[PDB]
Amino acid sequence: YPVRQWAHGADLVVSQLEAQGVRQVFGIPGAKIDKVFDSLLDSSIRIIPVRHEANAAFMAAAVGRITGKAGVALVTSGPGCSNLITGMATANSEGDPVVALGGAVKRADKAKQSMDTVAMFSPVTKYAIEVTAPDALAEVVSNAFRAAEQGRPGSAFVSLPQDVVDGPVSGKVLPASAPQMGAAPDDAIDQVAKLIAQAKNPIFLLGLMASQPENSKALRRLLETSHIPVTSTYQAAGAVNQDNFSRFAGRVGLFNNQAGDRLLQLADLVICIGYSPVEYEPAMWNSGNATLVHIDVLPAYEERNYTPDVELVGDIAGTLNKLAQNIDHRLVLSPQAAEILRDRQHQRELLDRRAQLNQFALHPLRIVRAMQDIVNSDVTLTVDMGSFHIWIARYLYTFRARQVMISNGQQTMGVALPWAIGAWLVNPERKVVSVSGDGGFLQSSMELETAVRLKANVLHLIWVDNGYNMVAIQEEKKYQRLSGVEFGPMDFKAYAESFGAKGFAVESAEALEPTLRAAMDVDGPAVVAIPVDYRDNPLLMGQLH
Amino acid sequence: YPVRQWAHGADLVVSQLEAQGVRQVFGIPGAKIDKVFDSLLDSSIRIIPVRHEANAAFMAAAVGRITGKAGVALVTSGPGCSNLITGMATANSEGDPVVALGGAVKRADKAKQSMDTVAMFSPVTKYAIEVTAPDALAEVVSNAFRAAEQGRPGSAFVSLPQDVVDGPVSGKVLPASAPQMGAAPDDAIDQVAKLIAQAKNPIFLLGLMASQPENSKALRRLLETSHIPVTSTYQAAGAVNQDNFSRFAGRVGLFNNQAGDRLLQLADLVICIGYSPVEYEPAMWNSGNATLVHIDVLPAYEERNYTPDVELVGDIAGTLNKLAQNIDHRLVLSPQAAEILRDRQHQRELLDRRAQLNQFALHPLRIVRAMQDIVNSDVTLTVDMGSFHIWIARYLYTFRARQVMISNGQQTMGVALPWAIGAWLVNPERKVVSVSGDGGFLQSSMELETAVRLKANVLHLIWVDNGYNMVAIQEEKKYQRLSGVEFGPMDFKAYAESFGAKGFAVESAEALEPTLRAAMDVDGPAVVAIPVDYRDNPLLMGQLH
Amino acid sequence: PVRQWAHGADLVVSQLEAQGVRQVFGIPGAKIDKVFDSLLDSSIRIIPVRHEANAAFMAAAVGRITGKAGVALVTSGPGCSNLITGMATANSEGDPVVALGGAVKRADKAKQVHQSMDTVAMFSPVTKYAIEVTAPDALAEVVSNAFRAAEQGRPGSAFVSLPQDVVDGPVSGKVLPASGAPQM
Amino acid sequence: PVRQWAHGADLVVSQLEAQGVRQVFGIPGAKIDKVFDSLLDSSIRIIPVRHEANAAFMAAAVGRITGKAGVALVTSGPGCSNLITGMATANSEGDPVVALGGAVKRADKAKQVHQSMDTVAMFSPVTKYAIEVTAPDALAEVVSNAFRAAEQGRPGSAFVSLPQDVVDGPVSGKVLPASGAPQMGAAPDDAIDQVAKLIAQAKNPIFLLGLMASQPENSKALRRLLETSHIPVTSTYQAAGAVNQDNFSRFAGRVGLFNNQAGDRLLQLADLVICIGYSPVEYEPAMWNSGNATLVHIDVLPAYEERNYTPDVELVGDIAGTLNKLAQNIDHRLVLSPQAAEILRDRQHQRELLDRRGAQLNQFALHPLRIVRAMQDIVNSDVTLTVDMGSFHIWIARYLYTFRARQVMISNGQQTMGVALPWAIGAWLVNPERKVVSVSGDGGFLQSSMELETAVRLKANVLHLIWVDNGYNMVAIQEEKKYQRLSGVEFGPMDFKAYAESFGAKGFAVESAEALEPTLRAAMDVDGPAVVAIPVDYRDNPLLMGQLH
Ligand SMILES: CC1=C(CCOP(=O)(O)OP(=O)(O)O)S[C@@]2([C@H](C)O)Nc3nc(C)ncc3CN12
Ligand SMILES: CC1=C(CCOP(=O)(O)OP(=O)(O)O)S[C@@]2([C@H](C)O)Nc3nc(C)ncc3CN12
Ligand SMILES: CC1=C(CCOP(=O)(O)OP(=O)(O)O)S[C@@]2([C@H](C)O)Nc3nc(C)ncc3CN12
Ligand SMILES: [Mg+2]
Ligand SMILES: [Mg+2]
Ligand SMILES: [Mg+2]
């Protein structure tokens, strides 16, 4: 990687992307950014045209979430960039590494009577810069990936003026390298080892970083050695499940009856791993009368309800591995602790028994049970935002997928389909299943063309209620009347077929399972519309905080 | 309108909207902003749920453009707001008065670990504020309309914290009132009257404000008295047409052979009305060797190529009316001027003759001729962005619609359909026709449900090329190869029918006209897909600057 | 008349002369010294102050009294930040003040590494007009527009950031005749 | 313990006490006076300044020296805006400073009418952390987070806007125990061993010290590693004080200003360069990185890579810990290659040439060399030295190898004038039993000299030296070199002796070369503030400027 004389800044950019291991770029071309698309033609990097920019950021996030390396979105100036904003804010919130390259007018026209995109992306990104110095082109791009991928991953934006990518530049490609950070200080680890030995009601609270694949082995090793109870936020939803750890206490942050919250309130020692208050309000679980231990790749983002007593900052896997070696005996649950886990066991049995639901439209439980049947350990499940989201979350313990993308702090609708297409591209040999409501569906359904064009093996399920139910039930609760949450019906079967995808519309309860199986069996894109009876939502909402 | 004690800030907001004459609100409800939707239930104001927030801003712009009073978009916090950005930037660029009310977290959580929407909307709006003082609720909203509607109209954003709209407030509704601004100084007008009498090659350059209905009569009165040649930017595209003024010289800013540019370069006196350099780069037409006169509702936004010699700021209609009374004789064209207008006449005859185009896919000219036939003086025509846009612009002189929405500085795709639905709502008894490419179509086609739900009498035409042609031809010209501009085919007939709208797909040249007529005859939403052969685009592009 | 200027600084000074500026208050520095140098070849008097804040205060008085904008001239970095309180006060009382502040070169690598302060962002909250010249040819108009924004309507302060390379390098353009106040 | 506070101001002060704050610099105003009032009921000393800018400068000195954030307290509006330059300078030099600024009430109608300035937006470009408290209950955490953001990682300044109603009104909440610095571990042992092996292999190794290497918590580790390894060292100015010629025989000078530094030649010669607490912003990598050597990066943060800065090995973690471990894997001291030895020999010769201990130098006005020599005679290991910005700065920087001071504050990337006196008062408050010497020109002196009143009031044992030329010389020489004529750089003379004594401080004016040493000696021995004006002849500055990059 020597210093070279590039014909166009665009060529250096593409080379830098290759150096980062980028395999594809999502986006829509425009006059200002077209030279980069053209440069990609001579690259091994695959160009993937989307139908709406927002979806390029969504697909990129899924790529970054799964691979640990930033997904890439490439858009043009003006509306090309403004259309990315929501997708970028969503990535940043979920900690998905994403790098967005946006076109811009020539540097000389910037002040001429040119959106100040940097000022627009700063609020929703970790890194937002505009290249005003041609010789720093590779620099800025390279540092965009570092910002997105390191520490708590997030989104990064880089504005590329047209003259800069079109004109000649000099420079070298910068090699890509997560730096060598070591485990937390051995003294600190020993300190925590003591606290554990002295604790009678210890518990682990897993955060985003605890769900990273680099910590999977160490985490397992730590849990298997101490057998200390575990609870997780939704960002760490997939870190541990009921099957691999009998002392799992569920996901915290949504329901008011979780064993995890009862254990946290009972704890005399809470050890948070890769956790940040933003994942689950500390005020919700921290009574303040328990020794608090913080373990993460970054210092604690302290709050009035999150002031650790012991902060361990450094390489998580290394830290946990050392901590595991400092534990001599598996925890003996206390009576109260034991009771709490027993309750969750009886609670699950109850949630399960709740039985011949053959009504039409379909009862949410019927749809969940059927979904769990088609979702297997080799399938990735992406979940949009809406009431169906709550139903699915309520039963996450019985879903056994390769992985689930559900965490959505911004509560952005329309994420499911693009996440799935993004996830499918990372492992094109596997099947992906995305589910959403009719509201979320129409916000990103244009990507079905992208899916057909890519032959993506994605199955999209639509819970059809003909409205924005999640909002409606909240209006009902507070006002006992609705407004702006009801819309007309649609024929999603023909809708999906129009794209060249396989469409299905469930017209009776007994047709559900057969319809899903036929749709699942399609080698390529498929959509199934499922009419749902949300009458019992009030009974589920009561289980919410 | 006395000071009152409101149960919820939301109630005061709704009252203020009624005071502004708001007839409907476009948007999507959310937890943070739901009380305002609920409050609208007891209002005469019609709630219109859209399928994507961006379209609420587009529809609102059309409303504001036609009525002179701000269209209204109502969205929730976070993604609800970020999804509005592009629509807002588009409104601001075209000078369409739009007020967007966005939800926000409770004031106390703003700093807690809440998008800084105000910072995100500032770059693309005239007015962007967040209500942090409950007692100023009506104030801020009222001033939002003033900012959007006055001077050079634009977009305005107001962030409404949840606690502010949910909690009780005190205040009064503020009455709505365009202040009493008078014509430019009589002395200045006389000065300009002299220049005119002394000019041998005078010409008018019309800008946005010259196309406002408040200036229609005065403008006509001024042109009819002096018979001085006229040319217009695309923002003032509808101010004057070939039919009502034989000395019309066309629209300037797109084609390199317009009589308007030749007349401007020949001018010894150029009088700009309601014009701003942003509408058409002064460098493109101002040689600098002609007396420049500026007439507008605001001082000139001077530039290196736009430094007026006489600036008349004040009420345009009044100013023009006085100027008309200071003209004693109709201009006698000079030989050169006369020649130039004669050329445009011969030019039009040529553009017309260019004749049995029965090929399939359809030739752009065939589609234009057919479009002009179905578009009559009672119909509003909205035009999206793409290659078809250029073809349509080339023949604007032969389109005779009630009005045309085509100006699009940002070159944002997907504007046509929502603009049409917005325009239809202003005059539901008339028909509206919107046209776009397949790329623009899928970016806002979700609103077809909104159209069906409203029974909007809108006919949407799609020029189908299976790609992003406007970008492709530019790539072709510069690189002689394409990238990211080609996508798969679709069955738009079934697509449109899935919404409950009437769908048609032209399968041969002879089917075109019959298909449009049947679609036009539908009392409600209808979509017609038209395969186009863009092979001759290179020959049209050559006529571009 | 469109002329060839050896330095953008000379065009800036000519524009100031067209505006009727009789003097300039400020403190020189490497980034903005070419403008002070060009001021030697003009009728405009250079008034060196001991602290930039006071340059803004003196300019505001000139503005309040003559109705025409007072002018402050400072270098980059602390030179600009030392003006902020002054600009806020002038804008607050409606006094027309135009401040010309130096800045690192446009392509300065320290620009992206944020080694230099975003003066436009800092001055925006306390001015009617704040902008950085990124196009040598837009020099005259921007300065001219700073005066218009400062003197017209409800008077206030205007800030213009001048990258070092832009004022030092050659430019093409003519002086924009100060139209002053539109005929309203 | 969650308590009920009558005022948010009381919680703020309690948090400050939890942070270990010993004093606060500032100027009170209506909006923030409740915090000053609450300060009366605490152990924290209120230090009123005469201009806010100087409150920030004094705070930065406290921060650089103690490593714990200095605190400035100002009122709303101009109170806050007068701090900006101060905050930019602290953030620029990596000094931990926390500023608490008042603001109108949250619901203030002037808020929306923009009658009040958006201070958060103004401070954002020049701080690591800038935020406004909009929730009374988030008061303690925000202040606490301001200190963390200011002291941790690469130190910097943090701004907190306190609406009047929030500090005046009651609040519920407990003081957040200052956790201080998280327990971060040293780099990975494997990474360290890989570097130890590179060191054992290198024929021409060298250490390049940056900001984080001069931090007090890394002082012991650095000393231990240099003594064990005996590897050459060069430092950027943000680390000018970490090592000096008199404490390490293989010191190669500071790099970034002069074009003939041994440090630059050794870096170019190096087959292994180990950067410690270094950031490319401290010194353009293009100037020294030839890509011919293996590059190791050691810091509390990964590197900000670039064309001329792509580390081959990155040791991220606790710098002190990493340096200690590395030192334990060094078998013996480096035997300088003959090339490196010659380079150090050359630096020795250049220092011999720069020296003038035997020259008469009795011209008047004084020659910069005579003043520099006189300054070296009064500054010793028990004295702190602060340097302002101007031509005298270049002269002092050239002779930093000759100043045996306890510590020196000179680094000033923004080149902000007026920093010396306030820096010295702050440095004095940290160690009131020691002497502090501050130096500036007439330009910078008059920008912060109002603080002379603050000095007398505190009986600050500070000696301020003024190089008098009656103009902005540093700018004048740049104009002369580029245009051969001057503009806006000349002003009138002043009676600085009388000026200083009008404050109640001891004033002196050197009227001849022979009087220089005796005067400085008499000034140094004065218990309290003293100001010495020294007429200087800058005619030879070109001879010095010719040594610049
Ligand atoms: C309208 C809405 C959601 C969608 C609900 O509808 P469906 O997707 O049909 O789901 P269902 O609840 O009807 O099954 S989530 C939701 C959420 C509650 O805040 N997410 C949103 N995302 C955007 C981009 N804009 C507005 C909102 C506000 N909320
Ligand atoms: C891709 C594209 C356009 C669309 C072209 O396709 P069709 O709408 O299918 O039209 P046609 O040209 O193929 O007929 S315009 C265009 C424009 C050229 O800049 N507008 C855009 N709008 C958004 C929101 N994002 C990116 C662009 C870049 N450009
Ligand atoms: C005028 C000036 C300096 C001062 C020079 O004068 P003296 O302090 O008298 O020193 P000397 O050089 O005359 O001895 S530094 C200097 C610097 C060269 O850029 N730092 C500044 N700091 C602020 C706050 N505003 C403007 C400048 C521009 N430069
Ligand atoms: Mg729904
Ligand atoms: Mg197309
Ligand atoms: Mg001086």
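Regarding how it was determined, this PDB entry cites X-ray crystallography in its header, along with a resolution of 2.3 Å.

> Which residues make up the relation of the copies chain A and chain B, and what values go with them?
The operation relating chain A to chain B is a screw motion whose rotation component is 180°, with 0.0 Å of axial translation and a residual RMSD of 0.0 Å. Taken together, the rotation and translation describe the operation of a two-fold axis. A high fraction, 100%, of the interface residues of chain A reappear at the interface in chain B, so the copies pair face to face through one surface.

> Go over the UniProt feature "binding site: Mg(2+)" in chain A with me, naming the residues and quoting the values.
Following the UniProt record, one finds the feature "binding site: Mg(2+)" at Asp438 of chain A. If we skip the residues at most four places from it in the chain, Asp438 of chain A touches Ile462, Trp463, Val464, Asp465, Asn466, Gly467, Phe487 and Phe492 of chain A together with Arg51 of chain B.

> How would you sum up the coordination of the magnesium ion (ligand 5)? Please name residues and give values.
Residue and element names in this part refer to chain B. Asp438 (OD), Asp465 (OD) and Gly467 (O) make up the full set of protein donors to the magnesium ion (ligand 5), lying at 2.0 to 2.2 Å. Judged by its relative accessible area of 2%, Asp438 falls in the buried class. On the basis of relative accessibility, which here comes to 22%, the residue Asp465 falls in the partly exposed class.

> So, the nonpolar core: which residues are in play, and what are the values?
Judged by nonpolar contacts, the single largest core of 126 residues is most densely connected at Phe26, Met88 and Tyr495 of chain A together with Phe26, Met88 and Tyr495 of chain B. Apart from residues no more than four positions distant in its own chain, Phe26 of chain A is found in contact with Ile48, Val50, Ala56, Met59, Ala60, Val63, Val72, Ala73, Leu74 and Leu425 of chain A. Core analysis: the second largest hydrophobic core is formed by 77 residues, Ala99 of chain C together with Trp423, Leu458 and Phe491 of chain D among them.

> So, the site of ligand 3: which residues are in play, and what are the values?
Residues in contact with ligand 3 amount to 26 residues; listed here are only the nearest, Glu52 of chain C together with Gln415, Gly443, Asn473 and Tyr538 of chain D. Site remark: ligand 3 is flanked by residues from chains C and D. At 2.7 Å from an oxygen atom of ligand 3 is found a main-chain nitrogen or oxygen belonging to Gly443 of chain D. Within the side chain of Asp469 of chain D, one N or O atom sits 3.3 Å away from an oxygen atom of ligand 3. Coverage of ligand 3 by the protein amounts to 98% of the 640 Å² it exposes when considered alone. Breaking the shell around ligand 3 down by element, the ones donating at least two residues are α4 (78-81) of chain C together with α16 (391-398), α18 (442-448) and α20 (473-483) of chain D.

> Just give me the short version of helix α22 (residues 516-524) of chain D, but keep the residues and values in it.
All names here are of chain D. Every buried residue belonging to α22 is among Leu516, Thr519, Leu520, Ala523 and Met524, and all of these are buried. All buried residues of α22 lie within an arc of 135° about the axis, which places them on one face of the element. Structurally, α22 contributes buried residues whose contacts are with α15 (368-378), β16 (383-387), β18 (435-441), β19 (462-468), β20 (506-509) and β21 (530-535).

> So what's going on with the packing of aromatic side chains? Which residues, and what values?
Scanning the model with the defined rule gives 39 aromatic pairs over all chains in all. An angle of 80° between the planes, with centres 5.3 Å apart, marks the rings of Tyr275 of chain A and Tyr306 of chain A as edge-to-face. Note that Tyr275 of chain A is positioned in the loop between β13 (269-273) and α12 (282-285) and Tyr306 of chain A in the loop between β14 (291-296) and β15 (310-313), a separation of 31 residues in sequence. What makes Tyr275 of chain A buried here is its relative accessible area of 1%. Relative accessible area serves as the criterion here: at 0%, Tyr306 of chain A is assigned to the buried category. Seen in terms of ring centroids, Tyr495 of chain A and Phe499 of chain A are 5.5 Å apart; in terms of plane orientation they differ by 55°. Their pairing is tilted. For the pair shown, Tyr495 of chain A and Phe499 of chain A are each scored as buried. Three or more aromatic residues joined by ring pairs form one cluster here, namely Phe441, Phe492, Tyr495 and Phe499 of chain A together with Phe441, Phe492, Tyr495 and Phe499 of chain B. In this arrangement the basic side chain of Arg394 of chain B is found over the ring face of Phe255 of chain B, its NZ or CZ atom lying 4.1 Å from the centre.

> Could you give me a rundown of the interface of chain A and chain B, with the residues and numbers involved?
Across the contact, 64 residues belong to chain A and 64 residues belong to chain B. Examining the composition of the side of chain A that touches chain B, we find that 5 residues originate from one element, helix α20 (residues 469-479) of chain A, more than from any other. Classifying every residue of the side of chain A that touches chain B by side-chain character gives 30 nonpolar, 16 polar and 18 charged.

> Before we move on, can you summarise unusual backbone geometry with the specific residues and values?
Residue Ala361 of chain A is reached from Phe360 of chain A by a cis peptide bond, and omega for that bond is 0°. As for its placement among the helices and strands, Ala361 of chain A is situated in the loop between α14 (335-353) and α15 (364-374).

> Pulling in residues and values, what's your account of the coordination of the magnesium ion (ligand 6)?
Around the magnesium ion (ligand 6), the protein contributes the donor atoms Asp442 of chain D (OD), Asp469 of chain D (OD) and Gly471 of chain D (O), which lie 2.0 to 2.3 Å from the metal centre. Between consecutive donors of the magnesium ion (ligand 6), the numbers of intervening residues give the motif D-x26-D-x1-G.

> Describe in detail the domain arrangement of chain D, supporting the description with residues and values.
All names here are of chain D. Under the domain assignment, chain D is made up of domain 1 (1-183), domain 2 (184-358) and domain 3 (359-549). The C-alpha-based centres of domain 1 and domain 3 are spaced at 32 Å. Approximately 1,900 Å² of surface area, both sides summed, lies buried where domain 1 meets domain 3, with 63% of it carried by carbon and sulfur atoms. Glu453 serves as the salt-bridge partner of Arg50, at 2.9 Å between the closest nitrogen and oxygen. Taken together, the links from domain 1 to domain 3 amount to 9 residue pairs in polar contact. Mapped onto the side of domain 1 that touches domain 3, the elements with two or more residues apiece are β3 (45-48), α3 (52-66) and α5 (84-93).

> Summarise the site of ligand 2; cite the residues concerned and give the values.
Near ligand 2 you find 26 residues, and of these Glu53 of chain A together with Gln411, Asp438, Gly439 and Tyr534 of chain B are the closest. In this structure, ligand 2 is bordered by residues of chains A and B. A distance of 3.2 Å separates an oxygen atom of ligand 2 from a polar atom in the side chain of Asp465 of chain B. In this structure, an oxygen atom belonging to ligand 2 sits 3.0 Å away from a main-chain N or O atom of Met470 of chain B. Across the complex, the protein chains shield 97% of the 640 Å² of accessible surface that ligand 2 would expose by itself. Taken together, the elements giving at least two residues each to the shell around ligand 2 come down to α4 (79-82) of chain A together with α16 (387-394), α18 (438-444) and α20 (469-479) of chain B. Among the elements that make up the shell around ligand 2, the one with the highest residue count is α18 of chain B (4 residues). In the shell around ligand 2, the residues fall into 10 nonpolar, 13 polar and 3 charged.

> Give me the domain arrangement of chain A: which residues, what numbers.
Residue and element names in this part refer to chain A. The domains assigned to chain A are domain 1 (1-180), domain 2 (181-354) and domain 3 (355-545). Taking only C-alpha atoms, the centre of domain 1 and the centre of domain 3 are 32 Å apart. Counting residues at the interface gives 21 residues for domain 1 and 24 residues for domain 3. Taken over both partners, the interface formed by domain 1 and domain 3 buries close to 1,900 Å², and the fraction arising from carbon and sulfur atoms is 64%. In this assembly, domain 1 and domain 3 are joined by 1 salt bridge. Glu449 is the salt-bridge partner of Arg51, the closest N and O atoms lying 3.1 Å from each other. For the pair domain 1 and domain 3, the interface holds 9 residue pairs in polar contact. Secondary structure elements with two or more residues in the side of domain 1 that touches domain 3: β3 (46-49), α3 (53-67) and α5 (85-94). Among the elements that line the side of domain 1 that touches domain 3, the one with the most residues is α3, at 9 residues. Split into classes, the residues belonging to the side of domain 1 that touches domain 3 amount to 11 nonpolar, 6 polar and 4 charged.

> I'd like a description of the pattern of salt bridges, backed by residues and values.
Side chains that differ in sign of charge can pair as their charged atoms come close. Under the defined criterion, the tally for this structure stands at 83 salt bridges over all chains. Across the pair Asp38 of chain A and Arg481 of chain B runs a salt bridge whose closest N-O atoms are separated by 2.8 Å. Here the residue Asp38 of chain A occupies a position in helix α2 (residues 34-40), and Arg481 of chain B occupies one in the loop between α20 and α21 (492-498), the pair thus bridging two chains. Since its relative accessible area comes to 3%, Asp38 of chain A is described here as buried. The exposure class of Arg481 of chain B is partly exposed, given its relative accessible area of 29%. Taking the shortest distance from any N to any O, the salt bridge between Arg517 of chain B and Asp521 of chain B comes out at 3.5 Å. Taking the relative accessible area as the measure of exposure, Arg517 of chain B reaches 41% and is therefore partly exposed. Within this structure, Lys35, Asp38 and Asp42 of chain A together with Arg481 of chain B form a network of salt bridges that share partners.

Calculation notes
- Residues numbered from 1 in each chain as written, not as in the entry; some residues may be left out.
- Chains lettered and ligands numbered in written order.
- Part of a larger assembly, values for the part shown.
- Heavy atoms only, no water.
- Residues with missing side-chain atoms left out of burial classes, pairs and counts.
- Least-squares fit on C-alpha atoms.
- Contact = heavy atoms within 4.5 Å.
- UniProt positions renumbered as here; feature names shortened; annotations may be inferred.
- Donors = N, O, S within 2.8 Å, 3.2 Å for Na, K, Ca; no water.
- Buried < 20%, exposed > 50% of the residue type's maximum accessible area, 1.4 Å probe, protein only.
- Core = buried A, V, L, I, M, F, W, Y, C linked by side-chain atoms within 4.5 Å.
- Near = heavy atom within 4 Å.
- Polar contact = N/O pair within 3.5 Å; in protein donor to acceptor, adjacent residues only side chain to side chain.
- Areas by Shrake-Rupley, 256 points an atom, 1.4 Å probe, with all protein chains shown as cover.
- Helix = DSSP H or I, 4+ residues; strand = E, 2+ residues; numbered from the N terminus.
- Arc of directions from axis to C-beta.
- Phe/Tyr/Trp six-rings, centres within 6.5 Å; stacked < 30°, edge-to-face > 60°.
- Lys NZ or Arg CZ within 6 Å of the ring centre and 35° of its normal.
- Nonpolar A, V, L, I, M, F, W, Y, C, P; charged D, E, K, R; others polar.
- Domains from an automatic or database assignment.
- Buried area = accessible area lost by both parts, 1.4 Å probe.
- Salt bridge = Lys/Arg side-chain N within 4 Å of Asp/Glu carboxyl O.

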